Amino acid sequence: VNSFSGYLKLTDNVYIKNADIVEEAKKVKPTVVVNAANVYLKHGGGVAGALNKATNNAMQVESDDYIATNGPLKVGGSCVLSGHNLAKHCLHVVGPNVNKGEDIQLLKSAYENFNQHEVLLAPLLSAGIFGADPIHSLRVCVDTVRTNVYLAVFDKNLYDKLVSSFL
Ligand SMILES: O=C(Nc1ccc(C(=O)N[C@H]2c3ccccc3C[C@@H]2C(=O)O)cc1)NC1CC1
């Protein structure tokens, strides 16, 4: 038993909710919140800008030190940093950005990072300003992630379309 409430169950291990991931993180305080990161950990907009704003820019300060030490992530890769006031940990995962021409096949590699964590609160990777089809992202998530994932979908219209079209 865990504290995630109001989710629709899609499969054995994947759950979905129309919710603001920032508000959901603030209420649940999950062990892991996933950020929709880029390779530079520049949290300017989309989910990342929202999560970072909620940390009063502490996420960005920590991220800049991480990059100065380690260099950029890979597309499809991840790193674990602090969750600040939102979660114990933040798993920064880089899905491909279609608006940069990145290979959509890397979306499966991106979701594989979730399997290193037993339970996660997460957005749909590569959705939103990353330019991928969220229906496709949900399918890759279900077919790749084996650990327990609670997906927060900000847009109600999109949420309803995701549920109604789910196979
Ligand atoms: O501002 C926010 N919360 C916020 C939450 C989500 C996004 C957001 O853009 N989410 C989508 C996104 C973005 C990049 C990559 C993938 C995806 C899939 C995500 C989706 O559609 O569900 C923005 C702001 N709270 C402040 C109180 C106001």
# chains A, B, ... in the order shown; residues from 1 in each chain; ligands from 1
$ closest_atom_pairs --of "stretch 16-101 of chain A" --to "stretch 137-151 of chain A" --cutoff "10 Å" --atoms "only C-alpha atoms" --output "CSV"
residue,atom,partner,partner_atom,distance
A:16,CA,A:151,CA,4.6
A:17,CA,A:151,CA,6.3
A:18,CA,A:151,CA,8.5
A:19,CA,A:151,CA,8.7
A:21,CA,A:151,CA,8.4
A:33,CA,A:150,CA,9.6
A:34,CA,A:151,CA,9.7
A:95,CA,A:137,CA,9.8
$ write_last_selection --atoms "N, CA and C atoms" --output "PDB file, in the first residue's frame"
ATOM      1  N   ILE A  16      -2.401   6.280 -13.765  1.00  0.00           N
ATOM      2  CA  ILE A  16      -2.435   7.593 -14.412  1.00  0.00           C
ATOM      3  C   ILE A  16      -3.490   8.494 -13.773  1.00  0.00           C
ATOM      4  N   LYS A  17      -3.201   9.800 -13.747  1.00  0.00           N
ATOM      5  CA  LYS A  17      -4.073  10.780 -13.116  1.00  0.00           C
ATOM      6  C   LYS A  17      -3.922  12.117 -13.825  1.00  0.00           C
ATOM      7  N   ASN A  18      -5.032  12.808 -13.946  1.00  0.00           N
ATOM      8  CA  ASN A  18      -4.993  14.193 -14.379  1.00  0.00           C
ATOM      9  C   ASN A  18      -4.546  15.007 -13.173  1.00  0.00           C
ATOM     10  N   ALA A  19      -3.285  15.427 -13.168  1.00  0.00           N
ATOM     11  CA  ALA A  19      -2.759  16.138 -12.013  1.00  0.00           C
ATOM     12  C   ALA A  19      -1.549  16.971 -12.418  1.00  0.00           C
ATOM     13  N   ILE A  21       2.033  17.650 -11.611  1.00  0.00           N
ATOM     14  CA  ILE A  21       3.064  16.847 -10.949  1.00  0.00           C
ATOM     15  C   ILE A  21       3.702  17.607  -9.788  1.00  0.00           C
ATOM     16  N   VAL A  33      10.559  11.559  -7.654  1.00  0.00           N
ATOM     17  CA  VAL A  33       9.853  12.289  -8.703  1.00  0.00           C
ATOM     18  C   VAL A  33      10.765  12.349  -9.919  1.00  0.00           C
ATOM     19  N   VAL A  34      10.197  12.088 -11.097  1.00  0.00           N
ATOM     20  CA  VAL A  34      10.941  12.156 -12.349  1.00  0.00           C
ATOM     21  C   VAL A  34      10.808  13.553 -12.935  1.00  0.00           C
ATOM     22  N   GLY A  95      14.455  12.340 -22.168  1.00  0.00           N
ATOM     23  CA  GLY A  95      13.828  11.736 -23.318  1.00  0.00           C
ATOM     24  C   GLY A  95      14.268  12.509 -24.562  1.00  0.00           C
TER      25      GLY A  95
END
$ residues_near_ligand --ligand "ligand 1" --cutoff "10 Å" --atoms "only C-alpha atoms and all ligand atoms" --output "number ranges by chain"
A: 17-24, 35-38, 45-54, 94-97, 122-134, 137, 151-156, 158-159
$ atom_distance --atom1 "atom CA of residue A:8" --atom2 "atom CA of residue A:163"
8.6 Å
$ select_by_dssp --residues "stretch 100-164 of chain A" --states "strand (DSSP E)" --output "ChimeraX atom specification"
/A:119-122,148-153
$ write_last_selection --atoms "C-alpha atoms" --output "PDB file, in the first residue's frame"
ATOM      1  CA  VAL A 119       8.029   3.365  -7.222  1.00  0.00           C
ATOM      2  CA  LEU A 120       8.032   6.703  -9.098  1.00  0.00           C
ATOM      3  CA  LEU A 121       5.872   9.755  -9.733  1.00  0.00           C
ATOM      4  CA  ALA A 122       6.509  10.820 -13.314  1.00  0.00           C
ATOM      5  CA  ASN A 148       5.358   0.929 -10.199  1.00  0.00           C
ATOM      6  CA  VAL A 149       4.833   4.213 -12.014  1.00  0.00           C
ATOM      7  CA  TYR A 150       2.274   6.906 -11.185  1.00  0.00           C
ATOM      8  CA  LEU A 151       1.868   9.154 -14.210  1.00  0.00           C
ATOM      9  CA  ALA A 152       0.695  12.739 -13.766  1.00  0.00           C
ATOM     10  CA  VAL A 153      -0.837  14.322 -16.867  1.00  0.00           C
TER      11      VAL A 153
END
$ closest_residue --among "A:67, A:167, A:25, A:107" --to "residue A:83" --atoms "only C-alpha atoms"
A:25
$ select_by_dssp --residues "chain A" --states "alpha helix (DSSP H)" --output "ChimeraX atom specification"
/A:21-28,46-54,58-70,106-112,134-144,156-164
$ closest_residue --among "A:32, A:104, A:135, A:1" --to "residue A:92" --atoms "only C-alpha atoms"
A:32
$ atom_distance --atom1 "atom CA of residue A:86" --atom2 "atom CA of residue A:113"
19.7 Å
$ atom_distance --atom1 "atom CA of residue A:63" --atom2 "atom CA of residue A:90"
10.9 Å
$ decode --residues "stretch 11-158 of chain A" --atoms "C-alpha atoms" --output "mmCIF file, in the first residue's frame"
data_model
loop_
_atom_site.group_PDB
_atom_site.id
_atom_site.type_symbol
_atom_site.label_atom_id
_atom_site.label_comp_id
_atom_site.auth_asym_id
_atom_site.auth_seq_id
_atom_site.Cartn_x
_atom_site.Cartn_y
_atom_site.Cartn_z
ATOM 1 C CA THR A 11 -1.859 -2.252 -16.094
ATOM 2 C CA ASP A 12 -0.374 -4.319 -13.295
ATOM 3 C CA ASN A 13 2.182 -1.564 -12.649
ATOM 4 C CA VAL A 14 1.148 1.675 -14.428
ATOM 5 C CA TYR A 15 -1.322 4.208 -13.015
ATOM 6 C CA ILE A 16 -2.435 7.593 -14.412
ATOM 7 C CA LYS A 17 -4.073 10.780 -13.116
ATOM 8 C CA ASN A 18 -4.993 14.193 -14.379
ATOM 9 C CA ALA A 19 -2.759 16.138 -12.013
ATOM 10 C CA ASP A 20 -0.100 18.828 -11.732
ATOM 11 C CA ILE A 21 3.064 16.847 -10.949
ATOM 12 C CA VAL A 22 4.284 19.736 -8.771
ATOM 13 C CA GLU A 23 1.148 19.653 -6.623
ATOM 14 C CA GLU A 24 1.176 15.865 -6.546
ATOM 15 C CA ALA A 25 4.829 15.833 -5.432
ATOM 16 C CA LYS A 26 4.135 18.430 -2.726
ATOM 17 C CA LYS A 27 1.288 16.270 -1.329
ATOM 18 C CA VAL A 28 2.745 12.769 -1.608
ATOM 19 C CA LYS A 29 6.429 13.464 -1.008
ATOM 20 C CA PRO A 30 7.325 10.406 -3.080
ATOM 21 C CA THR A 31 10.669 8.661 -2.804
ATOM 22 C CA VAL A 32 11.275 9.542 -6.485
ATOM 23 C CA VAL A 33 9.853 12.289 -8.703
ATOM 24 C CA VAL A 34 10.941 12.156 -12.349
ATOM 25 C CA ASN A 35 11.974 15.350 -14.118
ATOM 26 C CA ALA A 36 11.650 15.767 -17.892
ATOM 27 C CA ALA A 37 15.246 16.961 -18.151
ATOM 28 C CA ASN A 38 17.552 17.969 -20.983
ATOM 29 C CA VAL A 39 21.214 16.941 -21.218
ATOM 30 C CA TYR A 40 22.398 20.265 -19.727
ATOM 31 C CA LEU A 41 19.928 20.112 -16.809
ATOM 32 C CA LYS A 42 18.699 23.566 -17.795
ATOM 33 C CA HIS A 43 15.240 23.574 -16.220
ATOM 34 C CA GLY A 44 13.691 26.387 -18.190
ATOM 35 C CA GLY A 45 10.174 25.309 -19.065
ATOM 36 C CA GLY A 46 7.706 22.481 -19.278
ATOM 37 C CA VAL A 47 7.769 20.048 -16.383
ATOM 38 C CA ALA A 48 11.386 20.922 -15.553
ATOM 39 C CA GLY A 49 10.826 24.676 -15.251
ATOM 40 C CA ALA A 50 7.751 23.982 -13.089
ATOM 41 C CA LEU A 51 9.564 21.557 -10.774
ATOM 42 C CA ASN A 52 12.554 23.868 -10.510
ATOM 43 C CA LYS A 53 10.362 26.908 -9.774
ATOM 44 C CA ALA A 54 8.727 24.998 -6.940
ATOM 45 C CA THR A 55 12.210 24.449 -5.395
ATOM 46 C CA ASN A 56 12.915 28.218 -5.480
ATOM 47 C CA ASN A 57 15.720 27.487 -8.037
ATOM 48 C CA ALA A 58 17.570 25.105 -5.673
ATOM 49 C CA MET A 59 17.176 22.335 -8.260
ATOM 50 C CA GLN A 60 18.964 24.508 -10.847
ATOM 51 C CA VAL A 61 21.788 25.405 -8.431
ATOM 52 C CA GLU A 62 22.378 21.728 -7.634
ATOM 53 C CA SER A 63 22.137 20.820 -11.323
ATOM 54 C CA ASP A 64 24.707 23.411 -12.391
ATOM 55 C CA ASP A 65 27.198 21.939 -9.916
ATOM 56 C CA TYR A 66 26.418 18.421 -11.233
ATOM 57 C CA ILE A 67 27.121 19.487 -14.837
ATOM 58 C CA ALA A 68 30.277 21.391 -13.897
ATOM 59 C CA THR A 69 31.627 18.179 -12.332
ATOM 60 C CA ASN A 70 30.271 15.496 -14.690
ATOM 61 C CA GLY A 71 29.417 17.131 -18.017
ATOM 62 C CA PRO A 72 26.126 16.660 -19.857
ATOM 63 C CA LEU A 73 23.890 13.639 -19.684
ATOM 64 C CA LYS A 74 23.180 11.435 -22.709
ATOM 65 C CA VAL A 75 19.833 11.538 -24.498
ATOM 66 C CA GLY A 76 18.119 8.474 -23.026
ATOM 67 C CA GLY A 77 20.152 8.790 -19.812
ATOM 68 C CA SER A 78 19.495 9.975 -16.289
ATOM 69 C CA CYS A 79 20.968 11.043 -12.986
ATOM 70 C CA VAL A 80 19.678 10.972 -9.407
ATOM 71 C CA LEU A 81 19.805 14.282 -7.529
ATOM 72 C CA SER A 82 17.974 15.717 -4.540
ATOM 73 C CA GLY A 83 14.201 15.986 -4.545
ATOM 74 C CA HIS A 84 14.448 19.182 -2.469
ATOM 75 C CA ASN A 85 11.006 20.043 -1.024
ATOM 76 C CA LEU A 86 9.198 17.831 -3.557
ATOM 77 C CA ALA A 87 10.485 14.265 -2.990
ATOM 78 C CA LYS A 88 13.384 12.379 -1.443
ATOM 79 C CA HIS A 89 15.095 12.144 -4.845
ATOM 80 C CA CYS A 90 14.631 13.580 -8.312
ATOM 81 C CA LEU A 91 15.426 11.249 -11.201
ATOM 82 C CA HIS A 92 16.342 13.592 -14.062
ATOM 83 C CA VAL A 93 15.585 11.619 -17.247
ATOM 84 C CA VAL A 94 16.373 12.874 -20.760
ATOM 85 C CA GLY A 95 13.828 11.736 -23.318
ATOM 86 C CA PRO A 96 14.452 12.635 -26.969
ATOM 87 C CA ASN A 97 13.301 16.117 -27.993
ATOM 88 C CA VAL A 98 11.593 15.837 -31.374
ATOM 89 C CA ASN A 99 11.941 19.603 -31.762
ATOM 90 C CA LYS A 100 15.725 18.975 -31.778
ATOM 91 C CA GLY A 101 15.553 16.051 -34.228
ATOM 92 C CA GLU A 102 16.480 13.375 -31.687
ATOM 93 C CA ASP A 103 15.755 9.721 -32.419
ATOM 94 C CA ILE A 104 12.400 8.665 -30.972
ATOM 95 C CA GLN A 105 13.727 5.136 -30.461
ATOM 96 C CA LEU A 106 15.707 6.638 -27.590
ATOM 97 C CA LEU A 107 12.403 6.977 -25.724
ATOM 98 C CA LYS A 108 12.542 3.318 -24.691
ATOM 99 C CA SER A 109 16.079 3.780 -23.313
ATOM 100 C CA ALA A 110 14.850 6.816 -21.372
ATOM 101 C CA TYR A 111 12.017 4.840 -19.745
ATOM 102 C CA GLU A 112 14.417 1.991 -18.837
ATOM 103 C CA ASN A 113 15.888 4.324 -16.199
ATOM 104 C CA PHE A 114 12.609 4.025 -14.281
ATOM 105 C CA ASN A 115 13.287 0.294 -13.669
ATOM 106 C CA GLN A 116 16.057 1.200 -11.209
ATOM 107 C CA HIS A 117 13.381 2.537 -8.793
ATOM 108 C CA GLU A 118 10.604 0.515 -7.186
ATOM 109 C CA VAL A 119 8.029 3.365 -7.222
ATOM 110 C CA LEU A 120 8.032 6.703 -9.098
ATOM 111 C CA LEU A 121 5.872 9.755 -9.733
ATOM 112 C CA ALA A 122 6.509 10.820 -13.314
ATOM 113 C CA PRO A 123 5.381 12.728 -16.379
ATOM 114 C CA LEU A 124 5.128 11.172 -19.803
ATOM 115 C CA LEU A 125 8.618 11.357 -21.247
ATOM 116 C CA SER A 126 9.145 13.366 -24.429
ATOM 117 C CA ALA A 127 5.589 14.767 -24.210
ATOM 118 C CA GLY A 128 4.689 18.437 -23.993
ATOM 119 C CA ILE A 129 7.397 20.759 -25.279
ATOM 120 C CA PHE A 130 9.610 17.768 -26.158
ATOM 121 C CA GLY A 131 7.334 17.238 -29.144
ATOM 122 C CA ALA A 132 6.539 13.513 -29.118
ATOM 123 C CA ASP A 133 3.071 11.995 -29.358
ATOM 124 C CA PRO A 134 1.928 11.420 -25.741
ATOM 125 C CA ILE A 135 -0.134 8.378 -26.784
ATOM 126 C CA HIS A 136 3.088 6.839 -28.103
ATOM 127 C CA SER A 137 4.931 7.849 -24.938
ATOM 128 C CA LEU A 138 2.307 6.106 -22.799
ATOM 129 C CA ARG A 139 2.580 2.945 -24.908
ATOM 130 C CA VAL A 140 6.386 2.871 -24.570
ATOM 131 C CA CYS A 141 6.033 3.476 -20.823
ATOM 132 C CA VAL A 142 3.643 0.538 -20.376
ATOM 133 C CA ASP A 143 5.799 -1.729 -22.547
ATOM 134 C CA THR A 144 9.123 -0.772 -20.875
ATOM 135 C CA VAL A 145 8.629 0.108 -17.211
ATOM 136 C CA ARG A 146 8.179 -2.870 -14.894
ATOM 137 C CA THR A 147 8.337 -0.969 -11.597
ATOM 138 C CA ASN A 148 5.358 0.929 -10.199
ATOM 139 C CA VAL A 149 4.833 4.213 -12.014
ATOM 140 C CA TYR A 150 2.274 6.906 -11.185
ATOM 141 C CA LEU A 151 1.868 9.154 -14.210
ATOM 142 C CA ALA A 152 0.695 12.739 -13.766
ATOM 143 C CA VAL A 153 -0.837 14.322 -16.867
ATOM 144 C CA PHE A 154 -1.340 18.073 -16.522
ATOM 145 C CA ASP A 155 -3.814 18.592 -19.380
ATOM 146 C CA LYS A 156 -7.307 17.222 -18.688
ATOM 147 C CA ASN A 157 -8.173 17.030 -22.386
ATOM 148 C CA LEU A 158 -5.007 15.090 -23.028
#
